[PDB]
(Lines of atoms letter the chains of each structure in order from A; the text may use other names.)
(Lines give C-alpha, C1' and ligand atoms only; values in the text may rest on other atoms or scores of the structure.)
Protein backbone atom coordinates (compact mmCIF):
# COMPACT_ATOMS: atom_id res chain seq x y z
CA UNK A 1 0.00 0.00 0.00
CA UNK A 2 2.45 2.65 1.14
CA UNK A 3 4.66 2.15 -1.89
CA UNK A 4 1.80 2.05 -4.38
CA UNK A 5 0.09 4.95 -2.68
CA UNK A 6 3.28 6.94 -3.02
CA UNK A 7 3.31 5.90 -6.67
CA UNK A 8 -0.21 7.19 -7.23
CA UNK A 9 0.69 10.33 -5.33
CA UNK A 10 3.77 10.79 -7.50
CA UNK A 11 1.84 10.23 -10.73
CA UNK A 12 -0.65 12.94 -9.84
CA UNK A 13 1.97 15.45 -8.81
CA UNK A 14 3.91 15.09 -12.06
CA UNK A 15 0.78 15.34 -14.20
CA UNK A 16 -0.30 18.44 -12.27
CA UNK A 17 3.26 19.76 -12.50
CA UNK A 18 3.30 19.60 -16.31
CA UNK A 19 -0.23 20.89 -16.71
CA UNK A 20 0.62 23.78 -14.40
CA UNK A 21 3.90 24.81 -16.00
CA UNK A 22 2.36 24.47 -19.44
CA UNK A 23 -0.65 26.63 -18.54
CA UNK A 24 1.28 29.39 -16.80
CA UNK A 25 3.57 29.62 -19.81
CA UNK A 26 0.62 30.07 -22.16
CA UNK A 27 -1.17 32.63 -20.03
CA UNK A 28 1.98 34.64 -19.37
CA UNK A 29 2.56 34.68 -23.13
CA UNK A 30 -0.90 36.05 -23.78
CA UNK A 31 -0.72 38.65 -21.02
CA UNK A 32 2.62 39.77 -22.42
CA UNK A 33 1.43 39.91 -26.03
CA UNK A 34 -1.57 41.97 -24.97
CA UNK A 35 0.62 44.43 -23.08
CA UNK A 36 2.91 44.65 -26.08
CA UNK A 37 0.08 45.34 -28.51
CA UNK A 38 -1.32 48.00 -26.18
CA UNK A 39 2.06 49.65 -25.67
CA UNK A 40 2.37 49.86 -29.42
CA UNK A 41 -1.00 51.52 -29.90
CA UNK A 42 -0.17 54.05 -27.19
CA UNK A 43 3.09 54.76 -28.96
CA UNK A 44 1.59 55.11 -32.43
CA UNK A 45 -1.13 57.29 -30.99
CA UNK A 46 1.40 59.68 -29.46
CA UNK A 47 3.02 59.98 -32.85
CA UNK A 48 -0.33 60.50 -34.52
CA UNK A 49 -1.17 63.20 -31.99
CA UNK A 50 2.07 65.10 -32.62
CA UNK A 51 1.38 65.09 -36.35
CA UNK A 52 -2.13 66.41 -35.57
CA UNK A 53 -0.85 69.25 -33.40
CA UNK A 54 1.44 70.28 -36.25
CA UNK A 55 -1.39 70.13 -38.80
CA UNK A 56 -3.37 72.40 -36.51
CA UNK A 57 -0.56 74.89 -36.00
CA UNK A 58 -0.07 75.10 -39.74
CA UNK A 59 -3.81 75.61 -40.41
CA UNK A 60 -3.86 78.34 -37.79
CA UNK A 61 -0.85 79.95 -39.46
CA UNK A 62 -2.62 79.97 -42.81
CA UNK A 63 -5.74 81.27 -41.08
CA UNK A 64 -3.82 84.15 -39.46
CA UNK A 65 -2.26 85.02 -42.83
CA UNK A 66 -5.75 85.12 -44.39
CA UNK A 67 -6.85 87.55 -41.68
CA UNK A 68 -4.21 89.99 -42.84
CA UNK A 69 -5.29 89.59 -46.44
CA UNK A 70 -8.93 90.11 -45.56
CA UNK A 71 -8.30 93.26 -43.54
CA UNK A 72 -6.22 94.67 -46.38
CA UNK A 73 -8.62 93.70 -49.12
CA UNK A 74 -11.29 95.65 -47.25
CA UNK A 75 -9.05 98.71 -46.84
CA UNK A 76 -8.37 98.36 -50.57
CA UNK A 77 -12.06 98.20 -51.46
CA UNK A 78 -12.79 101.53 -49.81
CA UNK A 79 -10.93 102.52 -52.96
CA UNK B 1 15.38 3.37 -0.29
CA UNK B 2 12.62 3.45 -2.93
CA UNK B 3 10.02 4.55 -0.40
CA UNK B 4 12.44 7.18 0.88
CA UNK B 5 12.99 8.09 -2.76
CA UNK B 6 9.26 8.65 -3.44
CA UNK B 7 8.54 10.45 -0.17
CA UNK B 8 11.48 12.63 -1.20
CA UNK B 9 10.49 13.38 -4.80
CA UNK B 10 6.79 13.77 -3.97
CA UNK B 11 7.35 16.21 -1.12
CA UNK B 12 9.69 18.13 -3.42
CA UNK B 13 7.18 18.54 -6.28
CA UNK B 14 4.34 19.13 -3.82
CA UNK B 15 6.02 22.29 -2.54
CA UNK B 16 7.41 23.45 -5.90
CA UNK B 17 3.83 23.58 -7.15
CA UNK B 18 2.68 25.38 -4.03
CA UNK B 19 5.42 27.81 -5.07
CA UNK B 20 4.39 28.28 -8.71
CA UNK B 21 0.70 28.61 -7.79
CA UNK B 22 1.44 31.42 -5.33
CA UNK B 23 3.94 33.13 -7.62
CA UNK B 24 1.93 33.14 -10.83
CA UNK B 25 -1.08 34.36 -8.88
CA UNK B 26 0.68 37.60 -8.02
CA UNK B 27 2.33 37.92 -11.44
CA UNK B 28 -0.93 37.46 -13.39
CA UNK B 29 -2.54 39.78 -10.87
CA UNK B 30 -0.02 42.45 -11.84
CA UNK B 31 -0.35 41.65 -15.56
CA UNK B 32 -4.06 42.40 -15.30
CA UNK B 33 -3.30 45.66 -13.49
CA UNK B 34 -1.04 46.81 -16.29
CA UNK B 35 -3.44 45.83 -19.05
CA UNK B 36 -6.24 47.73 -17.37
CA UNK B 37 -4.05 50.77 -16.81
CA UNK B 38 -3.01 50.77 -20.46
CA UNK B 39 -6.59 50.40 -21.75
CA UNK B 40 -7.62 53.28 -19.55
CA UNK B 41 -4.76 55.33 -20.97
CA UNK B 42 -5.71 54.50 -24.53
CA UNK B 43 -9.26 55.61 -23.83
CA UNK B 44 -8.17 58.86 -22.19
CA UNK B 45 -5.91 59.56 -25.15
CA UNK B 46 -8.70 58.80 -27.62
CA UNK B 47 -10.88 61.30 -25.79
CA UNK B 48 -8.16 63.94 -25.83
CA UNK B 49 -7.59 63.23 -29.53
CA UNK B 50 -11.32 63.62 -30.09
CA UNK B 51 -11.32 67.01 -28.37
CA UNK B 52 -8.35 68.13 -30.52
CA UNK B 53 -10.13 67.08 -33.68
CA UNK B 54 -13.12 69.23 -32.71
CA UNK B 55 -10.93 72.29 -32.16
CA UNK B 56 -9.30 71.52 -35.50
CA UNK B 57 -12.73 71.35 -37.11
CA UNK B 58 -13.87 74.77 -35.82
CA UNK B 59 -10.63 76.30 -37.05
CA UNK B 60 -10.94 74.66 -40.45
CA UNK B 61 -14.48 76.04 -40.74
CA UNK B 62 -13.30 79.56 -39.91
CA UNK B 63 -10.50 79.29 -42.45
CA UNK B 64 -12.86 78.14 -45.23
CA UNK B 65 -15.29 80.96 -44.44
CA UNK B 66 -12.36 83.34 -44.78
CA UNK B 67 -11.35 81.80 -48.10
CA UNK B 68 -14.84 82.25 -49.49
CA UNK B 69 -15.10 85.83 -48.20
CA UNK B 70 -11.75 86.60 -49.81
CA UNK B 71 -12.67 85.27 -53.24
CA UNK B 72 -15.49 87.81 -53.08
CA UNK B 73 -13.44 90.88 -52.18
CA UNK B 74 -11.06 89.93 -54.99
CA UNK B 75 -13.97 89.92 -57.46
CA UNK B 76 -15.52 93.11 -56.09
CA UNK B 77 -12.23 94.51 -57.36
CA UNK B 78 -12.04 92.62 -60.63
CA UNK B 79 -14.46 95.26 -61.88
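Counting begins at 1 with the first residue displayed.
Every residue gets a Cβ built from N, Cα and C, even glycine.
Annotation comment: Swiss-Prot describes B:46 as SUMO2 cross-link, evidence class a large-scale study or a structure entry. For residue B:46 (SUMO2 cross-link), no same-chain residue that is 6 or more apart in sequence has a Cβ closer than 8 Å to its Cβ.
Mapped onto three states, the DSSP output places residue B:46 (SUMO2 cross-link) in helix. Here Swiss-Prot flags B:46 as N6-acetyllysine, drawing on a large-scale study or a structure entry.
Sequence-distant neighbours of residue B:24 (site 'Stutter') (same chain, six or more apart, CB under 8 Å from its CB) are absent. Residues annotated as site 'Stutter' in Swiss-Prot: B:24.
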